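Have a look below at one chain only, the form deposited in one PDB entry, in structure tokens format.
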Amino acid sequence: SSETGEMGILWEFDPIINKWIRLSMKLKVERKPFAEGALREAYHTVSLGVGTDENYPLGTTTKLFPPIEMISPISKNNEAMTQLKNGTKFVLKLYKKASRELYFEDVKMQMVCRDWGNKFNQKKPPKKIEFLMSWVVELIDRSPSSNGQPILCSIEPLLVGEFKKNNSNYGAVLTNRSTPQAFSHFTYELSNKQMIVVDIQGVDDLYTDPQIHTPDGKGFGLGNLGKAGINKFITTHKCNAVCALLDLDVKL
């Protein structure tokens, strides 16, 4: 896209292949954020097109993430081209002060959840589910951080409407809605008790910002509360109609 904007390197994860896709994009960001936290700020932004990474060759990196073996050389099949197509309005998130690896893990996590989202929908439930696409972006045209590292930011599509938390990452149950609860339960059982997708939130059944727990506690960022988090979900969990429809064992 021709018009005056910022350039950026766009990373997309493929949970099917377990590999990272590398891309380029041009984007126009608003000077002022429309949201704040103690942790992060959110900025409205427009896509001025998505392209391939060829002009910005990755080279041989020693200490960055991800490693080359983790990268897919082919990029042809991806969501970004279409979802972040020229003209598209979206959200840009910025974390204050954590590390590179963890930024990528968030996006990895998101994709894994999105995937299980589709696995859930395959079983033809009354209400279908979707997790938002997310992406890592390297802001190249901006001068790098205090350390050598360039400026990193996460990105997702606009999420319009009344935002609702249905469960939490530590066993809270926050809505009478039964679908979100069933979905987390579903993920626990069908993963052979290896993972849960909790912290299910968003507008209706369009979800974002999830969190995964795993027994060993390894992976999926600092929000992974391991066996503890899994227990908390289970101790508060009451199976419902949708649990039942899916042949979900009442015992966890």
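The first residue of the sequence shown is number 1, and the count goes up from there. For the two forms, the rigid core is made up of the largest set of C-alpha atoms that agree within 1.5 Å on superposition.
Enquirer: Among the other compared PDB entries, is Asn55 dropped in a third or more?
Expert: Result for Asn55: never missing in the compared entries.
Enquirer: Using what the record says, work out whether there is a hole in the model between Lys76 and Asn77 and how many deposited residues it spans (none, 1 to 3, 4 to 9, 10 or more).
Expert: Missing in between: none.
Enquirer: Can you let me know which of the two, 55-63 or 196-204, has the higher average C-alpha B-factor in the entry?
Expert: According to the entry, 55-63 carries the higher average C-alpha B-factor.
Enquirer: With reference to the PDB entry, specify whether the mean Cα temperature factor is higher for 79-87 or for 177-185.
Expert: Stretch with the higher mean C-alpha B-factor: 79-87.
Enquirer: According to the deposited entry, which of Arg114, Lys108, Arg100, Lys165 has the largest Cα B-factor?
Expert: Out of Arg114, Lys108, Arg100, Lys165, the record gives the largest C-alpha B-factor to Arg100.
Enquirer: Lowest, middle or highest third of the chain for the C-alpha temperature factor of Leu190?
Expert: According to the entry, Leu190 has a C-alpha B-factor in the chain's middle third.
Enquirer: Please place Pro157 in the lowest, middle or highest third of its chain according to the CA B-factor in the PDB entry.
Expert: Its C-alpha B-factor, which the entry lists for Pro157, ranks in the lowest third among residues of this chain.
Enquirer: Tell me, lowest, middle or highest third: where does the Cα B factor of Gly223 rank within its chain?
Expert: It falls in the bottom third of the chain.
Enquirer: Place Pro210 in the lowest, middle or highest third of its chain's C-alpha B-factors, as listed in the PDB entry.
Expert: According to the entry, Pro210 has a C-alpha B-factor in the chain's lowest third.
Enquirer: Lowest, middle or highest third: where is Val242 by C-alpha B factor in its chain?
Expert: It belongs to the middle third of the chain when residues are ordered by C-alpha B-factor.
In what follows, reference is made to the form deposited in another entry, a form of this protein that is not presented.
Enquirer: Rigid core fitted, is the C-alpha displacement of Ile68 between the shown form and the other one 2 Å or more?
Expert: No; that C-alpha moves by less than 2 Å between the shown form and the other one.
Enquirer: Is the C-alpha displacement of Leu222 equal to or greater than 2 Å between the shown form and the other one once the rigid core has been superposed?
Expert: It does not, since the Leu222 C-alpha is displaced less than 2 Å between the shown form and the other one after the core fit.
Enquirer: With both forms fitted on the core, check whether the Cα of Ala35 differs by 2 Å or more between the shown form and the other one.
Expert: Shift at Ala35: 2 Å or more after core fit.
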